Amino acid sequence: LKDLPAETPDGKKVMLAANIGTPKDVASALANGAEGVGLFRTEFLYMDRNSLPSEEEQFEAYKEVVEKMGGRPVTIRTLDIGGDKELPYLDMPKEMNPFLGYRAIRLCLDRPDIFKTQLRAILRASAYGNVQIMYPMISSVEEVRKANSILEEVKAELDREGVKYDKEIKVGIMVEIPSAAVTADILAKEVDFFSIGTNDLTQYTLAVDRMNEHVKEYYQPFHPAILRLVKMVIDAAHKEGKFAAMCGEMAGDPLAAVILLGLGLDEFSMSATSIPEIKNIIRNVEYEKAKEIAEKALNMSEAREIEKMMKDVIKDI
């Protein structure tokens, strides 16, 4: 049943959640047993249009998802877009390397008018259910503090207006810039949770644009560096009594599941149709064994060795 938990035969439970891109994705997420939305991408509100999305428009979309998820947590990622999306109204610079450029939280900090509208909408939606905020493209704890300063300005304005919001709203970050993983210990003290964006973490850590056909082979999700950074983030979160999620494609990859379980990942967020397959793996591997396998993976020097091992593991299940 989609209602059985992702729980090992020796009693370790993890959370399986859905990544969504619009409110229409909710039905499929629940049908597949999602326990929450680990990543609500908000780009849909900004794309394919000629004006900034109003607070009310954003609010209605966030509220719909929050309500339909019936108390399950909904982690909303703030604007994660750059000038490569070539959106007219946004009036963005042409850039030589947009992936390393003026995008996401950097755009939001430079344009707090835009950022405040979205934060207002999210905070208003939090009165209707279990909402979390997640900042993308964070390189440093200094940026988290800047972002939170704006969030607090918005909360104070809502207080003055008598507009309600969840005063206990949890605010975390995407860990995708390598510096955020390397300094996860510093960040863990000042965020409520981490969610690892392994797609971009892998690209930045290996300096590879995986959409570039000429270098696609250099995108290596099982590179030991990636496993090391993932472990570092998970351990840093736990040292501070906080949770570590992953919403990058890796979390929905059956080959990565046992390693992630063994490393102590708390929440796996993925395309909804991937949930049953990962749940089945978790329900059929002992946590004690998964820890041993993760340990073996961390001792390996090549991505292909880890992949060979993980293929053998899945075969055995």
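When you see a residue number, it is the position in the sequence shown, counting from 1.
In this entry, the higher average B-factor at the C-alpha atoms falls on 119-127, of the pair 185-193 and 119-127. As listed in the deposited structure, the average C-alpha B-factor of 48-56 and of 31-39 is greater for 48-56.
Out of 172, 88, 178, 101, the entry records its largest CA B-factor for 88. Listed residues 209, 143, 159, 240 were ranked by CA B-factor as deposited; 159 comes out on top.
When all modelled residues of the chain are sorted by CA temperature factor, residue 228 is found within the lowest third.
Looking at the C-alpha B-factors along this chain, the one for residue 112 belongs to the middle third. Sorting the modelled residues of the chain by their CA temperature factor places residue 95 in the middle third. Sort the modelled residues of the chain by CA B factor and residue 151 lands in the middle third. Annotation for residue 256: CA B-factor lies in the lowest third of the chain's modelled residues.
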